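Structure record follows, encoded as structure tokens.
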Amino acid sequence: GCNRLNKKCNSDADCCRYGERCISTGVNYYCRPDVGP
């Protein structure tokens, strides 16, 4: 239950750490989906 995906994050802490995580989309870090469970 997390949906801050495709938003820019300063860190993992800006979004969920499970299901979401900050990956680099090139220039900036966005919260990208992780499979989670």
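In the structure tokens, chains take letters A, B, ... by order of appearance, with residues numbered from 1 within each chain and ligands from 1 in the order shown.
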* **Surrounding residues of residue A:24 excluding itself and chain neighbours under 4 positions, 12 Å, only C-alpha atoms, as number ranges by chain** => A: 6-12, 28-33
Selection file, C-alpha atoms, as a PDB file, in the first residue's frame:
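Writing the result to selection.pdb gives the following:
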```
ATOM      1  CA  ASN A   6       7.492   8.524 -10.126  1.00  0.00           C
ATOM      2  CA  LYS A   7       7.818  11.358  -7.736  1.00  0.00           C
ATOM      3  CA  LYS A   8      11.221  12.701  -7.084  1.00  0.00           C
ATOM      4  CA  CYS A   9      12.749  11.831  -3.863  1.00  0.00           C
ATOM      5  CA  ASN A  10      15.591  13.160  -1.918  1.00  0.00           C
ATOM      6  CA  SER A  11      15.869   9.686  -0.524  1.00  0.00           C
ATOM      7  CA  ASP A  12      14.224   6.400   0.201  1.00  0.00           C
ATOM      8  CA  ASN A  28      17.282  12.649 -10.465  1.00  0.00           C
ATOM      9  CA  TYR A  29      16.090  10.054  -8.041  1.00  0.00           C
ATOM     10  CA  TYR A  30      12.551   9.024  -8.253  1.00  0.00           C
ATOM     11  CA  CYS A  31      10.702   6.567  -6.252  1.00  0.00           C
ATOM     12  CA  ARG A  32      10.436   3.533  -8.353  1.00  0.00           C
ATOM     13  CA  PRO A  33       8.458   0.389  -7.739  1.00  0.00           C
TER      14      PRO A  33
END
```
* Enumerate as a list in words all residues of chain A assigned to strand (DSSP E or B) by DSSP on the backbone, naming them with the chain letters and numbers the document uses. => residues 8, 20, 21, 22, 23, 24, 29, 30, 31, 32 and 33 of chain A
* Find the residues around residue A:1 up to 10 Å (only C-alpha atoms counted), leave out those fewer than 2 positions away in its own chain, and share them as a list in words. => residues 3, 16, 18, 19 and 20 of chain A
